[PDB]
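Asker: Submitted below is the structure of interest, expressed as structure tokens.
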Amino acid sequence: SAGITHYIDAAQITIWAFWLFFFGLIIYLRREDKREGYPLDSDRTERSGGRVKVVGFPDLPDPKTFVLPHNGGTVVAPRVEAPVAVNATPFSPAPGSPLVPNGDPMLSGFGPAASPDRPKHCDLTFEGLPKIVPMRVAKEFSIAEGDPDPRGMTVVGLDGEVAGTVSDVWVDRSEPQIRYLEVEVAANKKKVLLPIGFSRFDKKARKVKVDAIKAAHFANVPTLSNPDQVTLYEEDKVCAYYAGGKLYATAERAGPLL
Amino acid sequence: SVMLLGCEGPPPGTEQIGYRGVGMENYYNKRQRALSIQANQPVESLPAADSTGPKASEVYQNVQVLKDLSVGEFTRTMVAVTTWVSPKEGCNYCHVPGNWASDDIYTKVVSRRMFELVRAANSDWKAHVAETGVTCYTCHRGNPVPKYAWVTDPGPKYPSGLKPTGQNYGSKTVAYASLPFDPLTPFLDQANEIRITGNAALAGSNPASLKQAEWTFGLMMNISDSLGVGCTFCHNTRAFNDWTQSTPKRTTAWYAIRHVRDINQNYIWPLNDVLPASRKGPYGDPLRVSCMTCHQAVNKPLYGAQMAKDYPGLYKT
Amino acid sequence: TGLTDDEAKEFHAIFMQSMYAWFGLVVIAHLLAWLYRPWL
Amino acid sequence: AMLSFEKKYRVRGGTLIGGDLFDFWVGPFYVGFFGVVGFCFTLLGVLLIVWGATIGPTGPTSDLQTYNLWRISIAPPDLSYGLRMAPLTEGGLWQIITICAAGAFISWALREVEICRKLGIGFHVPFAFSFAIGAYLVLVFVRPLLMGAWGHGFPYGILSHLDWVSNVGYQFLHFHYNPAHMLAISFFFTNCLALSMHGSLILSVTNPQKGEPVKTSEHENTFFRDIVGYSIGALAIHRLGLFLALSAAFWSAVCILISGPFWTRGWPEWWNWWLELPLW
Amino acid sequence: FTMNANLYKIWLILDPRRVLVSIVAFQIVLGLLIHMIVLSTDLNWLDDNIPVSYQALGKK
Amino acid sequence: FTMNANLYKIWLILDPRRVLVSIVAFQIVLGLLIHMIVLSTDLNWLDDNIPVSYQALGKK
Amino acid sequence: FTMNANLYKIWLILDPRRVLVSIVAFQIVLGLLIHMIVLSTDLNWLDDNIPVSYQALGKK
Amino acid sequence: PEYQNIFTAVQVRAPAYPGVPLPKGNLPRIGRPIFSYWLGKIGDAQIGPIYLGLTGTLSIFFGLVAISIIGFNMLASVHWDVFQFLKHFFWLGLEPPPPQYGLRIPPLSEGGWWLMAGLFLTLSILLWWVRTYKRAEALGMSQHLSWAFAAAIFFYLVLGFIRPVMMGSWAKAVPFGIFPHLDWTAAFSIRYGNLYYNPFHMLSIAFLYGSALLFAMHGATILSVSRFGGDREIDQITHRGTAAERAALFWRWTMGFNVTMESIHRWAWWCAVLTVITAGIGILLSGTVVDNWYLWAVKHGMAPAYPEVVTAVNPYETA
Ligand code: BCL
Ligand code: BCL
Ligand code: BCL
Ligand code: BCL
Ligand SMILES: CC[C@H]1c2cc3[nH]c4c(c3C)C(=O)[C@H](C(=O)OC)c4c3nc(cc4[nH]c(cc(n2)[C@@H]1C)c(C(C)=O)c4C)[C@@H](C)[C@@H]3CCC(=O)OC/C=C(\C)CCC[C@H](C)CCC[C@H](C)CCCC(C)C
Ligand SMILES: CC(C)=CCC/C(C)=C/CC/C(C)=C/CC/C(C)=C/CC/C(C)=C/CC/C(C)=C/CC/C(C)=C/CC/C(C)=C/CC1=C(C)C(=O)c2ccccc2C1=O
Ligand SMILES: COC(C)(C)C/C=C/C(C)=C/C=C/C(C)=C/C=C/C(C)=C/C=C\C=C(C)\C=C\C=C(C)\C=C\C=C(C)\C=C\CC(C)(C)OC
Ligand code: HEM
Ligand code: HEM
Ligand code: HEM
Ligand code: HEM
Ligand SMILES: [Ca+2]
Ligand SMILES: [Ca+2]
Ligand SMILES: [Fe+3]
């Protein structure tokens with residue numbers, strides 16, 4: 001790696017042989033690292049790097065072609081995606097600064113609650129049935145011999161107050177497991193789905209603790225179109241709503257601690 | 001299998017061997033070091049003698065080495081020896097009830113050699129033993145047969161032909177490793193080249209074998225646990241063979257590696273002819289000497305205990 | 001299991017004759033070696 | 001400059017300390033309290049590391065002082081001072097610089113914390129990163145402390161900190177026999193065995209043979225069920241991995257810690273407890 | 001023939017697929033674990049005694 | 001092939017394709033093995049003895 | 001319990017069992033930490049002097 | 001069961017999934033799937049069925065010979081005394097052929113069994129590689145796994161095929177032993193002047209480390225985003241989702257840049273597969289091309305310089 005060389009040998013004739021392949025592979029990768037996102041949006045802080053450049057060190061790659069399975073469309077990577085929308089205003093005219101959520105941040109659909117418009121279709125299994133469905137349809141699925149049953153437990157909330165009770169849980173045909181919980185909100189008496197990721201258990205009191213949002217927030221949760229299957233579009237917009245709680249369910253959360 | 005969590009406690013000893021932050025550091029257990037010293041103590045030297053009167057060869061008829069000395073000194077060197085070798089069986093050990101000069105009991109014969117043996121060490125091999133020296137105690141420590149003596153280890157059991165594989169057994173010889181575990185014979189007893197570290201940048205110069213180095217590693221292990229230290233002591237691991245860097249001790253030990261040979265090749269091996277069965281190994285070879293024999297897990301036998309100095313008969317005349 | 005008494009006894013029979021097929025072919029095996037190289 | 005889907009995520013809040021003040025984005029990075037902190041350590045240390053290359057073992061005019069990235073080295077002070085600050089020249093730099101390492105590593109984690117706090121994501125990453133930092137807190141704090149000398153640390157030299165690994169290693173003879181060390185190693189290997197396996201499968205299902213559709217989790221399971229029988233599971237691997245990774249470091253931390261403070265003899269020998277068992 | 005009387009009922013609880021397969025394995029490995037260990041033992045036949053060393057004769 | 005008569009019944013319970021592959025493979029190893037375990041001991045025919053040393057008339 | 005008179009108010013802020021058990025550990029880690037730190041060298045009552053000498057005299 | 005997506009709180013079970021339909025020629029899966037509540041509390045509970053064709057059976061049988069040979073000799077040295085066998089297990093091991101045989105076929109005693117059990121373990125892997133290749137195309141899958149497994153195999157053979165044979169001595173080969181093989185790598189290094197200065201060996205570590213690093217990030221990230229369905233990478237690679245939609249922003253804001261849900265797995269691959277790549281090489285060079293990587297480094301001004309507070313003489317030149 002020295003600037004000047006006075007020594008030559010086979011050992012070193014192969015080392016550089018690697019770095020070249022390396023410097024090349026790292027680029028190969030970078031190219032791929034841009035099949036989702038780029039180009040960038042603004043110029044808040046002029047692309048930083050040993051060598052600036054227009055759009056990174058490596059020019060964007062060629063659109064790959066993804067043939068979804070039967071009864072499916074087609075995806076291209078990368079792809080020219082139409083600009084999204086921001087339901088928030090700039091906390092400051094200075095670039096980089098954050099964007100304050102308008103109205104109730106719990107549903108402003110921004111940041112934590114913000115979710116992209118995923119395909120308004122539904123994921124399926126190998127054969128063609130909706131991958132993720134409620135046990136009210138999964139005639140084969142049963143609770144593991146021994147493990148306590150969730151169906152019937154009362155879903156508590158952040159503040160502690162009860163928000164509703166589980167009426168059913170959504171299992172996954174493709175990958176045997178519990179992914180959602182058909183929760184029955186008390187307030188709106190509606191039926192919203194609850195994601196495992198946020199679903200906590202207290203087998204002692206037959207509950208499904210949730211620190212995401214308050215019991216009251218469970219009310220206006222992104223409803224589902226068909227109660228016999230969850231759409232990818234909504235599915236992602238579902239558990240995203242809970243995320244908001246992770247940062248909006250309480251002014252204290254977003255507020256500093258020190 | 002399982003993971004260690006603390007068989008020894010903090011804070012362990014520390015000894016900075018190399019430049020600041022070179023890795024070369026010695027870490028020793030505090031308590032253990034204590035007990036070692038305590039239980040590993042010498043024996044107060046006997047009262048000085050008149051050193052006058054007649055000479056040994058003068059009155060005593062059958063004396064071949066301690067002649068130079070006088071009577072009181074010689075009578076003294078006779079006492080010391082008995083307390084250091086067979087303080088259990090008295091003088092009758094290397095003699096005959098009455099025949100203070102007979103050479104019927106083998107214990108005497110060897111004692112003669114052993115005498116020259118010691119002397120030599122203190123007189124001609126001073127680069128190793130320094131101005132300190134060794135006495136019959138250093139090896140015998142009060143026992144007719146030195147506890148830490150060795151022999152050509154037979155190895156593992158006989159599968160009826162494919163038994164030669166003598167590297168699969170944790171022998172206390174090599175600090176409980178899985179090496180040949182018998183480097184003492186091929187090295188400490190023989191003279192097999194210990195060096196294998198190529199001295200040239202590229203290949204084609206050193207034909208050393210990979211197994212060979214395993215062997216050296218063997219010996220080194222054993223040596224390491226003999227003096228009871230860590231390779232850092234003698235070297236800087238990134239320069240196992242660069243002496244220009246490695247440590248003064250490294251050389252000091254060098255000589256010993258031969259001082260030991262000497263002790264086996266010109267003293268301990270010849271006496272086998274007279275030594276009995278219980279003193280001979282399975283391969284017919286006699287109990288020889290090793291770094292472990294004297295050092296016995298201490299870089300400096302008896303922690304620099306200077307015994308020989310007070311004994312003039314224990315030096316070449 | 002997976003069968004009744006009928007199919008069961010039939011198997012056992014043929015299955016035996018096949019086992020004595022071994023013991024005999026192996027015992028005769030041992031013996032042939034026993035004569036050649038005596039162990040013990 | 002933001003990604004096609006960045007703007008809708010740059011929300012305000014979720015800060016631990018003095019967030020509103022530094023609550024903003026500089027390019028593709030985030031600052032906040034901890035943001036500025038780390039930086040205050042970066043240059044304050046990165047430059048000192050350079051000052052070391054500048055100065056050298058003895059002096060800037062010496063023949064030792066070099067700039068070869070390989071030969072560059074910043075060794076700690078002697079074991080004499082123990083828990084005392086040695087002259088900036090004779091070990092001082094290392095000591096100070098190291099204090100900047102913790103200020104960079106820890107803060108970097110803390111920074112990640114609230115960063116996740118904004119995305120409402122899980123605090124897995126940081127908690128995971130903790131171990132790495134923890135392992136560091138052992139090779140410079142924990143161990144040295146129970147050894148009574150900040151000089152027990154490792155030199156900050158691209159190749160220099162390898163010798164420190166060779167000596168301390170052989171300091172216990174054949175360092176390959178360390179229980180915790182072995183165990184840990186296994187993990188590092190398992191982990192790599194996991195990546196080579198995970199990453200591979202994904203690319204093998206989303207980019208199948210020519211004229212083939214994107215496989216589903218239906219295949220993934222069968223695939224490893226036909227080569228070895230069982231399939232851990234989708235997120236399962238993402239769990240397993242995370243485990244191995246951390247476990248690899250954890251057991252390692254133990255590996256070096258036990259070496260010295262909890263054991264001075266030679267590791268190869270430690271295994272004797274198994275031998276001296278009244279069963280053989 | 002004695003025991004063969006009621007031993008037929010055995011297949012009524014133990015599937016034949018099981019025995020047949022395991023049996024082959026055991027008898028296979030087991031067997032190989034004999035010429036093997038015994039081979040390594042004194043009564044070796046390949047290179048122990050006779051054929052008396054011809055290698056030595058023919059080779060050179 | 002006398003006993004072949006009663007032995008025919010085996011095909012009705014075990015999948016023929018299995019006993020074939022299991023064996024076509026089982027012999028594969030056994031063969032590669034024997035020449036090996038043997039060539040390594042009794043007579044290393046290839047280069048241990050006869051014929052005319054490839055070393056003697058060879059190396060020289 | 002001098003200052004304890006107005007210090008009762010501190011409880012509306014600090015949780016009850018939170019700092020309660022949060023200290024139960026603190027104490028522990030400290031105790032052994034101190035039995036330990038002191039043991040290492042200053043006073044090693046375990047093995048250092050009498051009225052011991054059980055092993056040195058007993059063993060011998 | 002602490003839920004940070006660590007342990008599946010509540011499990012459910014469905015009829016044993018006998019894998020997906022395979023092509024013509026591929027034998028039907030075998031083995032009645034099993035269920036484990038505990039295991040399943042970690043990930044998947046169902047077990048099997050498993051595939052086993054020609055290559056498979058030919059493999060499971062092949063390598064199973066080597067293992068036996070090894071474990072055999074091991075229990076042989078202990079004089080078939082299991083007691084001392086389970087005692088010295090770690091130490092026990094099948095040693096390679098003595099240098100007094102070069103590459104020639106040694107007697108079962110002096111190194112024979114090793115070689116045999118070696119070829120049976122060499123092909124056992126080579127064969128197993130094909131076994132995997134047959135499980136990929138049979139499912140229309142690619143060969144990313146074979147490519148990797150290949151790379152690993154590469155370094156595997158470097159320890160016997162390409163290097164030892166290139167040296168002309170079966171002595172330079174790792175032995176069949178838990179502990180003794182640790183000594184092998186222990187000796188090898190000593191024999192070749194300290195692998196710390198061996199270039200490739202370093203590059204390879206960067207991977208043994210990087211590897212651990214990435215998965216620590218990925219494995220984690222996916223979990224942290226497991227809420228927004230971040231585990232279902234497949235449908236994420238096809239049509240980007242919210243999981244991967246924040247999952248990157250994190251890294252981006254933290255380290256500046258980032259990659260895609262798919263992309264990363266590609267890095268991981270090359271960060272792991274390249275591990276052994278720099279492995280077989282670093283060892284393929286040692287012994288043959290270079291003999292003392294220490295002097296080799298300083299030869300190119302690599303080896304750092306340290307003051308001389310300690311130094312030893314040299315009785316050789318002196319005497
Ligand atoms: C003679 C030498 C001995 C030996 C002596 C030692 C010694 C001595 C030690 C180890 C340690 C380790 N050895 Mg060992 N080891 C030997 C042979 C081996 C072999 C082998 C195949 O032969 C292997 C696989 C290992 C494996 C290992 C690891 C398990 C362990 C390192 C653990 C770790 O994860 O730290 C994880 C990481 C860290 C501590 C660093 C922290 C990372 C920080 C927070 C991030 C840095 C960011 C940076 C500033 C930014 C860079 C970006 C730039 C700006 C561009 N050793 C030989 C036998 N080994 C060490 C150990 O046990 O550690 C616990 C140790 O101390
Ligand atoms: C030890 C000293 C002697 C010696 C003594 C013996 C003795 C003693 C015996 C052997 C036996 C054998 N020896 Mg010998 N042998 C020596 C030297 C050799 C050498 C050599 C190269 O030097 C070789 C290659 C062999 C080779 C062999 C094997 C042919 C045979 C092992 C059979 C077996 O275990 O099947 C394993 C078993 C099975 C697969 C299953 C059981 C068999 C049943 C009956 C058939 C299966 C039924 C099935 C359900 C129907 C479907 C049919 C097909 C499977 C599709 N020997 C030396 C000279 N050898 C054994 C033997 O042949 O017994 C007959 C035996 O007892
Ligand atoms: C774990 C046990 C030992 C140890 C044992 C080893 C061994 C053994 C080896 C290394 C190797 C490396 N070690 Mg180390 N190392 C230790 C602790 C550290 C610490 C630390 C903060 O504690 C750091 C920053 C490093 C850094 C490094 C890298 C220079 C090098 C590449 C490793 C790698 O690819 O990881 C995977 C990760 C990445 C590729 C990404 C980020 C790492 C980057 C490339 C390294 C930047 C370091 C930089 C020079 C520090 C100054 C930054 C200034 C801003 C300029 N080590 C501890 C003390 N280390 C290898 C080497 O080749 O050394 C020459 C090697 O073989
Ligand atoms: C004192 C000894 C030296 C040393 C000597 C060596 C030697 C010698 C070697 C390494 C090698 C490595 N060392 Mg080192 N190493 C040292 C210290 C370290 C330290 C450290 C922190 O101190 C670290 C982190 C490392 C790290 C590493 C890795 C980068 C590399 C291991 C690659 C690998 O994947 O192996 C694990 C993987 C494989 C062997 C391949 C797997 C092949 C197939 C898949 C396995 C077959 C499966 C089979 C069916 C299983 C059945 C078994 C039967 C029962 C028999 N070394 C010290 C300084 N190191 C290797 C290297 O790449 O050197 C350049 C190597 O050869
Ligand atoms: C069990 C934990 C595993 C792990 C996980 C892990 N690492 C992580 C993370 C996680 C989860 C991150 O989130 C973070 C990251 O990459 O975030 C984007 C990271 C990271 N892991 C890194 C490195 C790293 N991890 C390692 C290991 C591991 N990382 C484990 C396998 C290793 C090694 C030795 O194997 C290295 C080298 C970094 C790339 C990055 C953290 C970067 C960071 O926070 O840097 C902060 C500080 C600076 C940029 C400035 C430093 C200047 C100081 C003033 C001086 C300090 C001197 C220094 C100590 C000298 C080093 C000299 C050496 C060359 C000898
Ligand atoms: C001698 C000479 C002439 C010198 C010239 C010197 C010159 C010109 C200098 C000027 C240039 C300068 C100053 C450059 C400075 C550049 C700097 C400081 C950069 C700092 C950033 C930094 C420290 C980055 C560290 C990155 C490292 C080491 C990462 C290690 C892990 C790794 C392989 C990451 C690459 C792949 C990525 C991005 C993984 C992260 C990642 C993971 C882990 C997911 O799981 C995941 C899941 C879903 C979507 C995305 C992701 C994702 O991106
Ligand atoms: C008795 O045993 C029973 C029945 C109870 C079963 C129990 C078995 C047990 C317990 C087995 C345990 C085995 C263990 C612990 C094995 C451990 C092995 C280890 C640690 C191995 C480590 C490393 C091994 C390496 C690196 C092996 C490399 C091998 C190579 C490279 C082989 C190459 C072979 C070649 C190139 C062959 C070529 C063919 C010829 C020679 C003909 O070419 C000329
Ligand atoms: C206290 C008890 C002992 C007494 C009184 C004693 C006395 C003597 C005397 C007087 C001589 C010289 C006499 C002569 O040869 O003419 C002598 C010689 C000798 N003694 Fe002792 N001895 C004692 C114990 C021992 C022991 C324990 C050993 C054995 C290790 C020993 C070994 C020898 C030897 C080897 C010689 C001959 C020395 C030579 O060759 O120069 N003696 N002893
Ligand atoms: C000058 C003082 C010494 C005297 C008088 C002496 C005497 C003896 C005697 C009498 C024996 C035979 C013991 C027996 O088996 O009955 C013996 C054996 C032996 N001595 Fe010494 N010895 C002395 C110094 C040493 C030293 C310094 C070493 C150490 C290297 C040593 C190593 C041995 C060994 C290895 C044996 C063989 C073991 C045995 O005989 O049981 N001796 N010595
Ligand atoms: C367990 C750690 C140790 C290891 C791995 C080790 C390794 C080695 C190696 C590989 C050599 C051969 C160098 C060459 O090719 O020239 C060697 C030589 C040597 N070592 Fe060590 N050593 C260790 C500990 C020690 C200790 C503690 C001492 C000091 C008492 C020591 C003293 C020597 C001497 C004197 C030589 C030269 C021998 C000759 O004349 O051939 N070594 N060591
Ligand atoms: C081949 C194995 C041996 C090795 C490697 C070895 C090595 C060493 C070393 C390195 C020292 C210096 C220790 C220091 O500086 O603190 C030393 C000192 C010493 N050795 Fe050995 N030794 C061996 C065998 C022996 C034997 C068999 C005896 C017994 C007669 C012996 C007696 C001594 C004595 C008396 C000293 C102290 C000298 C002094 O204070 O400087 N050594 N040995
Ligand atoms: Ca007999
Ligand atoms: Ca070995
Ligand atoms: Fe993944």
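Letters for chains follow the order of the structure tokens (A, B, ...), residue numbers begin at 1 for each chain, and ligand numbers begin at 1 in the order shown.
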Compute the set of protein, DNA and RNA residues whose minimum atom distance to ligand 10 is at most 7 Å, using only C-alpha atoms and all ligand atoms, and state it as a PyMOL selection string.
Answerer: (chain B and resi 193-198+213+216-217+220-221+223-224+227+229-235+240-241+249-251+253-254+257) or (chain D and resi 170+173-174) or (chain H and resi 190)
Asker: Which residues, written as an mmCIF file with N, CA and C atoms, in the first residue's frame, have at least one atom at most 10 Å from residue F:27, with only C-alpha atoms counted and residues fewer than 6 positions away on the same chain left out?
Answerer:
data_model
loop_
_atom_site.group_PDB
_atom_site.id
_atom_site.type_symbol
_atom_site.label_atom_id
_atom_site.label_comp_id
_atom_site.auth_asym_id
_atom_site.auth_seq_id
_atom_site.Cartn_x
_atom_site.Cartn_y
_atom_site.Cartn_z
ATOM 1 N N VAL F 21 -31.095 -47.797 -5.383
ATOM 2 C CA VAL F 21 -30.211 -46.649 -5.204
ATOM 3 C C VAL F 21 -29.340 -46.795 -3.958
ATOM 4 N N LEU F 33 -13.596 -48.148 -1.610
ATOM 5 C CA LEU F 33 -12.993 -48.498 -0.335
ATOM 6 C C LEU F 33 -12.016 -49.674 -0.387
ATOM 7 N N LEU H 58 -25.788 -41.535 -1.614
ATOM 8 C CA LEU H 58 -24.385 -41.794 -1.909
ATOM 9 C C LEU H 58 -23.480 -40.941 -1.027
#
Asker: Could you list, with a cut-off of 12 Å and counting only C-alpha atoms and all ligand atoms, the residues of chain H near ligand 13, each shown with its nearest atom pair and the distance in Å rounded to one decimal, rows sorted by chain and ascending number, as a Markdown table?
Answerer:
| residue | atom | partner | partner_atom_place_in_ligand_line | distance |
| --- | --- | --- | --- | --- |
| H:91 | CA | ligand 13 | 1 (Ca) | 9.9 |
| H:92 | CA | ligand 13 | 1 (Ca) | 10.4 |
| H:93 | CA | ligand 13 | 1 (Ca) | 8.9 |
| H:94 | CA | ligand 13 | 1 (Ca) | 9.4 |
| H:95 | CA | ligand 13 | 1 (Ca) | 6.8 |
| H:96 | CA | ligand 13 | 1 (Ca) | 8.5 |
| H:97 | CA | ligand 13 | 1 (Ca) | 11.1 |
| H:98 | CA | ligand 13 | 1 (Ca) | 11.0 |
| H:171 | CA | ligand 13 | 1 (Ca) | 9.8 |
| H:172 | CA | ligand 13 | 1 (Ca) | 10.4 |
| H:173 | CA | ligand 13 | 1 (Ca) | 9.8 |
| H:174 | CA | ligand 13 | 1 (Ca) | 8.1 |
| H:175 | CA | ligand 13 | 1 (Ca) | 6.8 |
| H:176 | CA | ligand 13 | 1 (Ca) | 9.5 |
| H:177 | CA | ligand 13 | 1 (Ca) | 8.6 |
| H:178 | CA | ligand 13 | 1 (Ca) | 10.7 |
| H:179 | CA | ligand 13 | 1 (Ca) | 8.7 |
| H:180 | CA | ligand 13 | 1 (Ca) | 5.0 |
| H:181 | CA | ligand 13 | 1 (Ca) | 6.7 |
| H:182 | CA | ligand 13 | 1 (Ca) | 8.5 |
| H:183 | CA | ligand 13 | 1 (Ca) | 6.0 |
| H:184 | CA | ligand 13 | 1 (Ca) | 5.9 |
| H:185 | CA | ligand 13 | 1 (Ca) | 9.6 |
| H:186 | CA | ligand 13 | 1 (Ca) | 9.5 |
| H:187 | CA | ligand 13 | 1 (Ca) | 8.3 |
| H:188 | CA | ligand 13 | 1 (Ca) | 10.4 |
Asker: Residues as selected, C-alpha atoms, written as a short mmCIF file (atom, residue, chain, number, x, y, z; two decimals), in the first residue's frame, can you do that?
Answerer:
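Everything below was put into out_26.cif:
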data_model
loop_
_atom_site.label_atom_id
_atom_site.label_comp_id
_atom_site.auth_asym_id
_atom_site.auth_seq_id
_atom_site.Cartn_x
_atom_site.Cartn_y
_atom_site.Cartn_z
CA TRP H 91 -7.23 -34.91 22.61
CA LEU H 92 -7.83 -38.17 20.72
CA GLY H 93 -7.65 -37.89 16.94
CA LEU H 94 -6.66 -39.61 13.70
CA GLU H 95 -3.15 -38.40 12.86
CA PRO H 96 -2.01 -38.01 9.21
CA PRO H 97 0.66 -40.12 7.42
CA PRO H 98 4.31 -39.65 8.50
CA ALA H 171 2.39 -34.21 6.51
CA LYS H 172 1.21 -30.68 5.76
CA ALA H 173 -2.42 -31.71 6.28
CA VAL H 174 -4.80 -31.10 9.18
CA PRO H 175 -5.52 -34.13 11.40
CA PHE H 176 -8.86 -35.62 12.46
CA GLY H 177 -8.87 -34.28 16.01
CA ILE H 178 -10.82 -31.77 18.07
CA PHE H 179 -7.74 -30.59 19.95
CA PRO H 180 -4.84 -31.77 17.76
CA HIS H 181 -6.33 -29.89 14.82
CA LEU H 182 -6.22 -26.73 16.94
CA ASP H 183 -2.51 -27.42 17.24
CA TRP H 184 -2.34 -27.76 13.46
CA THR H 185 -3.50 -24.19 12.94
CA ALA H 186 -1.36 -23.40 15.98
CA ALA H 187 1.74 -24.94 14.40
CA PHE H 188 1.07 -23.83 10.83
#
Asker: List all protein, DNA and RNA residues that have an atom no more than 6 Å from any atom of ligand 2, counting only C-alpha atoms and all ligand atoms, and report them as a ChimeraX atom specification.
Answerer: /C:22,25-26,29-30,33 /E:20,24,27-28,31,35 /F:19
Asker: Kindly export the residues of the current selection with C-alpha atoms, as a tab-separated table (two decimals), in the first residue's frame.
Answerer:
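File result39.tsv, as written:
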chain	number	residue	atom	x	y	z
C	22	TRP	CA	-28.50	-65.77	7.88
C	25	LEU	CA	-24.84	-68.71	6.24
C	26	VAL	CA	-22.96	-66.79	8.91
C	29	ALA	CA	-19.01	-68.50	7.61
C	30	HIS	CA	-17.39	-68.35	11.08
C	33	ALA	CA	-12.64	-69.02	9.11
E	20	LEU	CA	-36.28	-54.37	7.62
E	24	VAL	CA	-29.94	-53.84	7.20
E	27	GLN	CA	-25.96	-55.72	10.23
E	28	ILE	CA	-24.13	-53.61	7.66
E	31	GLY	CA	-20.33	-56.29	10.15
E	35	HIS	CA	-13.40	-57.10	9.77
F	19	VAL	CA	-33.19	-50.78	-2.43
Asker: Please write out the residues within 8 Å of ligand 9 as a PyMOL selection string, counting only C-alpha atoms and all ligand atoms.
Answerer: chain B and resi 81-82+84-86+93-94+106-112+114-119+134-140+144-146+149-150+260+263+268+275-276+278-279+286-290+293-294+314
Asker: Give the residues close to ligand 12, within 9 Å, counting only C-alpha atoms and all ligand atoms; write them as a VMD selection string.
Answerer: chain C and resid 38 to 40
Asker: Using only C-alpha atoms, I'd like a table of the residues in chain G that come within 12 Å of chain D; for each, show the closest atom pair and its distance in Å rounded to one decimal, ordered by chain and ascending number, as a tab-separated table.
Answerer:
residue	atom	partner	partner_atom	distance
G:36	CA	D:146	CA	11.5
G:37	CA	D:146	CA	10.1
G:40	CA	D:146	CA	10.6
Asker: Return as a ChimeraX atom specification the residues belonging to chain G that are within 12 Å of chain B, counting only C-alpha atoms.
Answerer: /G:33,36-41,44,46-48,55-56,60
Asker: Give me, as an MDAnalysis selection string, the set of residues whose atoms come within 8 Å of any atom of ligand 4, counting only C-alpha atoms and all ligand atoms.
Answerer: (chainID D and resid 162 165:166 169 174:176 189 192) or (chainID H and resid 63 66:67 70 121 124:125 149 152:157 159 176 184:190 194:196 198 200:209 275:276 278:283)
Asker: To check your reading of the model: which residues sit at most 6 Å from ligand 1 when counting only C-alpha atoms and all ligand atoms? Write the answer as a PyMOL selection string.
Answerer: chain D and resi 105+132-133+135-136+165-166+168-170+175-176+181+184-185+249+252-253+255-256
Asker: If you measure from atom 2 (C, counted along the ligand's line) of ligand 5 to atom CA of residue H:212, what distance in Å do you get, rounded to one decimal?
Answerer: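 Taking atom 2 (C, counted along the ligand's line) of ligand 5 and atom CA of residue H:212, their separation equals 7.1 Å.
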